[PDB]
Amino acid sequence: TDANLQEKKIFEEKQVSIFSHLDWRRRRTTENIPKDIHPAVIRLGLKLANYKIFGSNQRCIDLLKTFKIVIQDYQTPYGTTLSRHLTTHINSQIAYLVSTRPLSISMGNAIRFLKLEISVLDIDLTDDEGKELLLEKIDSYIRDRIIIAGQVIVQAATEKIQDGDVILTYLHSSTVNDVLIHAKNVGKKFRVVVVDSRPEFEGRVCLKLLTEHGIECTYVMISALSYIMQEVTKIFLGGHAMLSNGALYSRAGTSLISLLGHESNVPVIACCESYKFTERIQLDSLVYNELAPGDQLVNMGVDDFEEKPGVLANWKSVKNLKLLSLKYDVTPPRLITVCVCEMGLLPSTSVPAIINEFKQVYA
Amino acid sequence: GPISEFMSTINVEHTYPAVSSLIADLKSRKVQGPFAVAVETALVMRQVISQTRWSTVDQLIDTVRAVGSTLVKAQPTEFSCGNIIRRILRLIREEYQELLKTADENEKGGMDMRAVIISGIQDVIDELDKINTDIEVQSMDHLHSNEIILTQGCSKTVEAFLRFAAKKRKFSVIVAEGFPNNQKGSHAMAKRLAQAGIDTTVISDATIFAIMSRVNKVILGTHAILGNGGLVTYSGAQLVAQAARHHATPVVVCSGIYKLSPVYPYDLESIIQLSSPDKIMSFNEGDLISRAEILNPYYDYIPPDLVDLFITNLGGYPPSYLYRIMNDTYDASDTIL
Amino acid sequence: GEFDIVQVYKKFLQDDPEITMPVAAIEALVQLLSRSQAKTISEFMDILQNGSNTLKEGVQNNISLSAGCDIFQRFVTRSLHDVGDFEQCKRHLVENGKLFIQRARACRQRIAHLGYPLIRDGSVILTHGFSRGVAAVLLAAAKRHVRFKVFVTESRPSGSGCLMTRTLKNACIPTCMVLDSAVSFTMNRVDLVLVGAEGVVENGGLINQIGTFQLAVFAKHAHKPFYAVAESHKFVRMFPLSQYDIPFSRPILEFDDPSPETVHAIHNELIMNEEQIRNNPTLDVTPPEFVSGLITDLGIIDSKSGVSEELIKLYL
């Protein structure tokens, strides 16, 4: 690329706008693509930028079982051995795989794990030797950290549900959906509240899923929160990641949900999985975030961009007027009453210890 | 159990001369500050181990567990001393235990681990001449351009913290001269980073509330941290804390970890020392100094429930995680000396 | 053989009343384990399970009881191993089982050595009714000659305040009983608030006699500190969401049905009858945000996350 130039503009993008630093640059096409790139990565790469309702957790899976194929189809050159070169190959994958959409925390941590096990294997094992354990090491990483922990959480989460509750979710969290779905099958008596928001109404698909199991549900937009919260008794939240201070990191309205719940004295239950935890720490919801294109706001009506001649459609060419839409915010711990990880129901502030319970397992 | 119940003053002054010398310089403030207390403390203990005769390790434990209790009796408030001690004690028992196991390979004498302890002590020394470098890095993950920072009282750790970010990013800072004690140093700091290309604004120690309205973050460098995460900071720092809490402005602390100590703040009146009133009223108002009560506190205390994030030579951590550093840095028995 | 082990538990109360209840059960379990001619590992754990539950079901399903017993097991089975000599099992059990109760009943003293400096000269303390640990620390403080004086919550419906009052007055320290309705008016006069613990949950919460949370909110709002004395063997796996969701035996706080008929300043004798008093709860819960400090035999814990880390370290 332009190299330091395009890497100096970024550090010039530091001025008045409190979003001057948020990386807007994307690649939604395979135009001018490099050749160091495996096909299945590209499909995944196009999946990220174009899928909308996807990837609270499914990315890490879809990334890993894709990674297997990469290493499977990989073969080391005759000169150097395997571990001396594999990372550089994978490093060239993620670089592309970033310009499609910035990494999640669930993905980033897994990558940080994979690069480790690469550097620790013994050289005696040959290619067909070295590959075979990685898949198991990966297939285990999937079953141990993701799926099982899910089933553990779903059990533990459904545990503290009581017959007669009225519980509230917000924008289709595949984890929390599995909870309510599991809750119905055990015969728990309750009903659910679904809060949707603009732009891409990620919540209606949760309405579909829940209704296809016969669940008394209620669909109201976020701006009506002050109303419906009186009905609610419990609040469940599936997060993108939890922070070292104990803050919950999820999509835009995740804060207001926790806020009014507190000021209405209902609990905020954060269902998140352990590997999503991060030693990262941030105070305001603007230091580290990820942007969605503001064009999607032009859609005035209740559908994805289609027959929506918004009066803003020319904002890209109207000075002093620029739209935006974060898709992640930072909710402080004072509102979160509890996080439920496969290590059990823990106080959100108890996160960073759990991370330290891994560096012991890993040397 | 002080050393006087184990060795006599002359013997202490003979075999361990730098100890009594340091004890003199301690209660007399010839040495001062947390850092300078720490470095001199270990250097003393280095010579101690370098010039001592013993056999068992249990007796060696009882020795260091005694001088410290005496050394901490000198000027306890500078907790930096005792923190170095308890670190060594664990550094012994776990080094002993790790060496009590290699010898248990198949045997089923026991000393002269001297130079290792010295090599372990030197590892502590070289670690200190580094905290700033280890801390000034995490800045770029918080301070951003056009941000507005407030900070009081010439904390060296905080200085290099900002000056690092100011090398690449440009932003503003408000400095409140920690009057009366941190007056001189604070102005120097302001003058210093002013040359580092960062909008510097020196204020009175009292205009804190006025500007907290438009302050993004606040940054503080303490003198010590106690077992409950409470902060023993230099004079006049509860204002900015309470000023921040009233404005929802977050509070961050950039401190090395050696200042952390598990002493529990039972009574603060036994913690906050008091310096000379000369620092706030001249000797001349003879009528006043005879007719009133003048006081000048050296330190200030803020409770932990007001801090939002700590910055350490290890990383950023919330206060609720602080304990898990102590158990990973100290041993529970060495809380009380 | 070993039967009605509750009487062993019970005779301990006559053998010693100054020890609490859970220590007696432990003292009985080891006694049960002592005279247990067993042959398999499963037999041992099958006994104490079908033993402790019989012990559990016999006493109100009390927390501190159910705390220790469940903790006792998940301690003994921790560093358990079988190698050659089967007698090593019963050997390792009772030997370590004795070590537990040994460390156990000594906890209530270890706390005093930590809590006594928390009282300053001329300080003013506040305590919600009787509380074992609260007594010892104050006494072990008063022994060291320190001037102070405390109020005492009468602690309805337990009425344990008068008992706490005398036991303090009996140890020559000034007292002044306070009805549970007027604690707030006294807060400005206090310098420290100290209550006992009847149970501790995961999130740092507090299970103590009703009205315990009634105080901590005041201490919060009146900007006064709040300390609670808890023994390690009172931790529990329970995790209540709000300040209400706790298992409770009888139905609580129900109403009546007034069909259209007609049945009909120190007023000291128009009080709620025993029946309607029963409808009231006996326990409240203090969320961790109000506990400035939690003192245990393991030390003082203010993180309320280390509460859990030390907790996990208990449940093997």
# chains A, B, ... in the order shown; residues from 1 in each chain; ligands from 1
call {"tool": "closest_atom_pairs", "arguments": {"of": "chain B", "to": "chain A", "cutoff": "10 Å", "atoms": "only C-alpha atoms", "output": "CSV"}}
result
residue,atom,partner,partner_atom,distance
B:141,CA,A:287,CA,7.9
B:142,CA,A:287,CA,7.2
B:143,CA,A:287,CA,9.1
B:144,CA,A:14,CA,7.8
B:145,CA,A:14,CA,5.9
B:146,CA,A:15,CA,6.9
B:147,CA,A:18,CA,9.4
B:168,CA,A:11,CA,8.5
B:169,CA,A:14,CA,7.9
B:170,CA,A:14,CA,8.8
B:171,CA,A:15,CA,9.7
B:216,CA,A:284,CA,9.8
B:217,CA,A:283,CA,9.5
B:250,CA,A:283,CA,7.6
B:251,CA,A:283,CA,9.8
B:252,CA,A:283,CA,9.8
B:308,CA,A:283,CA,8.3
B:309,CA,A:245,CA,7.6
B:310,CA,A:245,CA,10.0
B:315,CA,A:279,CA,8.8
B:316,CA,A:281,CA,6.9
B:317,CA,A:244,CA,6.6
B:318,CA,A:245,CA,5.0
B:319,CA,A:245,CA,8.3
B:320,CA,A:349,CA,6.9
B:321,CA,A:353,CA,7.0
B:324,CA,A:353,CA,7.5
B:325,CA,A:353,CA,9.9
call {"tool": "residues_around", "arguments": {"residues": "residue 258 in chain B", "least_positions_apart": "5", "cutoff": "10 Å", "atoms": "only C-alpha atoms", "output": "list in words"}}
result
residues 34, 35, 38, 79, 80, 81, 82, 83, 84, 87, 124, 128, 131, 224, 225, 312, 313 and 329 of chain B
call {"tool": "residues_around", "arguments": {"residues": "residue 297 in chain B", "least_positions_apart": "4", "cutoff": "7 Å", "atoms": "only C-alpha atoms", "output": "VMD selection string"}}
result
chain B and resid 235 272 to 275
call {"tool": "interface_residues", "arguments": {"of": "chain B", "to": "chain C", "cutoff": "12 Å", "atoms": "only C-alpha atoms", "output": "PyMOL selection string"}}
result
chain B and resi 226-230+262-270+303-305+318-327+332-333+335-336
call {"tool": "interface_residues", "arguments": {"of": "chain C", "to": "chain A", "cutoff": "10 Å", "atoms": "only C-alpha atoms", "output": "count of residues only"}}
result
20
call {"tool": "residues_around", "arguments": {"residues": "residue 47 in chain A", "least_positions_apart": "6", "cutoff": "12 Å", "atoms": "only C-alpha atoms", "output": "mmCIF file with C-alpha atoms, in the first residue's frame"}}
result
data_model
loop_
_atom_site.group_PDB
_atom_site.id
_atom_site.type_symbol
_atom_site.label_atom_id
_atom_site.label_comp_id
_atom_site.auth_asym_id
_atom_site.auth_seq_id
_atom_site.Cartn_x
_atom_site.Cartn_y
_atom_site.Cartn_z
ATOM 1 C CA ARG A 28 -16.092 -4.274 0.761
ATOM 2 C CA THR A 29 -14.766 -5.739 -2.503
ATOM 3 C CA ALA A 40 -12.252 -19.639 2.167
ATOM 4 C CA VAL A 41 -10.799 -16.585 3.897
ATOM 5 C CA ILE A 53 -27.144 -10.160 11.796
ATOM 6 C CA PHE A 54 -24.195 -12.419 12.555
ATOM 7 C CA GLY A 55 -21.195 -12.874 14.743
ATOM 8 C CA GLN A 58 -20.206 -17.384 15.308
ATOM 9 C CA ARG A 59 -17.225 -15.465 13.926
ATOM 10 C CA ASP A 62 -16.338 -19.601 11.397
ATOM 11 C CA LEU A 63 -12.853 -18.107 11.670
ATOM 12 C CA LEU A 97 -9.302 -10.087 6.953
ATOM 13 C CA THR A 100 -13.332 -6.254 5.523
ATOM 14 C CA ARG A 101 -14.330 -5.460 9.125
#
call {"tool": "closest_residue", "arguments": {"among": "C:51, C:205, C:58, C:211", "to": "residue 154 in chain C", "atoms": "only C-alpha atoms"}}
result
C:211
call {"tool": "residues_around", "arguments": {"residues": "range 6-12 of chain C", "least_positions_apart": "2", "cutoff": "12 Å", "atoms": "only C-alpha atoms", "output": "PDB file with C-alpha atoms, in the first residue's frame"}}
result
ATOM      1  CA  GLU C   2     -23.892 -43.662  66.230  1.00  0.00           C
ATOM      2  CA  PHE C   3     -27.443 -42.338  66.147  1.00  0.00           C
ATOM      3  CA  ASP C   4     -29.326 -39.137  66.940  1.00  0.00           C
ATOM      4  CA  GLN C  14     -24.562 -27.918  77.424  1.00  0.00           C
ATOM      5  CA  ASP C  15     -20.904 -28.946  77.233  1.00  0.00           C
ATOM      6  CA  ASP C  16     -20.256 -25.415  75.945  1.00  0.00           C
ATOM      7  CA  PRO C  17     -22.786 -22.722  74.992  1.00  0.00           C
ATOM      8  CA  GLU C  18     -20.215 -20.023  74.250  1.00  0.00           C
ATOM      9  CA  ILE C  19     -19.380 -21.830  70.990  1.00  0.00           C
ATOM     10  CA  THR C  20     -21.773 -21.328  68.098  1.00  0.00           C
ATOM     11  CA  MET C  21     -23.852 -23.963  66.321  1.00  0.00           C
ATOM     12  CA  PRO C  22     -21.830 -24.915  63.193  1.00  0.00           C
ATOM     13  CA  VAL C  23     -18.733 -25.738  65.249  1.00  0.00           C
ATOM     14  CA  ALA C  24     -20.805 -28.226  67.241  1.00  0.00           C
ATOM     15  CA  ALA C  25     -21.996 -30.004  64.100  1.00  0.00           C
ATOM     16  CA  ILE C  26     -18.389 -30.254  62.920  1.00  0.00           C
ATOM     17  CA  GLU C  27     -17.385 -31.523  66.360  1.00  0.00           C
ATOM     18  CA  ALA C  28     -20.130 -34.120  65.893  1.00  0.00           C
ATOM     19  CA  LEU C  29     -19.215 -35.064  62.322  1.00  0.00           C
ATOM     20  CA  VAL C  30     -15.617 -35.880  63.237  1.00  0.00           C
ATOM     21  CA  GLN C  31     -17.050 -37.801  66.182  1.00  0.00           C
ATOM     22  CA  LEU C  32     -19.298 -39.566  63.691  1.00  0.00           C
ATOM     23  CA  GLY C  51     -25.737 -37.484  57.896  1.00  0.00           C
ATOM     24  CA  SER C  52     -25.373 -33.740  57.374  1.00  0.00           C
ATOM     25  CA  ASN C  53     -28.757 -33.465  55.649  1.00  0.00           C
ATOM     26  CA  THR C  54     -30.353 -35.142  58.657  1.00  0.00           C
ATOM     27  CA  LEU C  55     -28.337 -32.639  60.671  1.00  0.00           C
ATOM     28  CA  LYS C  56     -29.304 -29.910  58.198  1.00  0.00           C
ATOM     29  CA  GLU C  57     -33.017 -30.735  58.134  1.00  0.00           C
ATOM     30  CA  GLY C  58     -33.057 -30.778  61.933  1.00  0.00           C
ATOM     31  CA  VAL C  59     -32.237 -27.087  62.384  1.00  0.00           C
ATOM     32  CA  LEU C  65     -24.933 -24.512  59.718  1.00  0.00           C
TER      33      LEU C  65
END
call {"tool": "select_by_dssp", "arguments": {"residues": "range 61-307 of chain A", "states": "alpha helix (DSSP H)", "output": "ChimeraX atom specification"}}
result
/A:61-73,86-99,105-120,127-141,149-159,174-185,204-211,225-228,254-263,295-298
call {"tool": "select_by_dssp", "arguments": {"residues": "range 136-261 of chain A", "states": "strand (DSSP E)", "output": "PyMOL selection string"}}
result
chain A and resi 165-170+190-196+217-221+234-238+241-242+248-250
call {"tool": "residues_around", "arguments": {"residues": "residue 183 in chain B", "least_positions_apart": "3", "cutoff": "10 Å", "atoms": "only C-alpha atoms", "output": "PyMOL selection string"}}
result
chain B and resi 152-154+176-180+186-188+205
call {"tool": "residues_around", "arguments": {"residues": "residue 324 in chain A", "least_positions_apart": "5", "cutoff": "9 Å", "atoms": "only C-alpha atoms", "output": "compact mmCIF listing (two decimals) with N, CA and C atoms, in the first residue's frame"}}
result
# COMPACT_ATOMS: atom_id res chain seq x y z
N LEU A 291 -17.09 1.62 13.75
CA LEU A 291 -18.11 2.40 13.08
C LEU A 291 -18.92 1.56 12.10
N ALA A 292 -20.18 1.91 11.96
CA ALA A 292 -21.04 1.47 10.89
C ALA A 292 -21.33 2.65 9.97
N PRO A 293 -21.40 2.44 8.66
CA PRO A 293 -21.55 3.58 7.75
C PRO A 293 -22.83 4.35 8.02
N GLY A 294 -22.72 5.68 8.01
CA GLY A 294 -23.86 6.52 8.29
C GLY A 294 -24.93 6.50 7.22
N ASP A 295 -24.60 5.98 6.03
CA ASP A 295 -25.59 5.92 4.96
C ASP A 295 -26.81 5.12 5.38
N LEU A 297 -28.40 5.27 7.97
CA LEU A 297 -29.36 6.11 8.66
C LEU A 297 -30.34 6.77 7.70
call {"tool": "closest_residue", "arguments": {"among": "A:44, A:228, A:248, A:340", "to": "residue 285 in chain A", "atoms": "only C-alpha atoms"}}
result
A:248
call {"tool": "closest_residue", "arguments": {"among": "A:9, A:90, A:65, A:111", "to": "residue 36 in chain A", "atoms": "only C-alpha atoms"}}
result
A:90
call {"tool": "atom_distance", "arguments": {"atom1": "CA of residue 288 in chain B", "atom2": "CA of residue 234 in chain B"}}
result
26.7 Å
call {"tool": "atom_distance", "arguments": {"atom1": "CA of residue 277 in chain C", "atom2": "CA of residue 260 in chain C"}}
result
25.2 Å
call {"tool": "closest_residue", "arguments": {"among": "A:5, A:42, A:125, A:116", "to": "residue 94 in chain A", "atoms": "only C-alpha atoms"}}
result
A:42
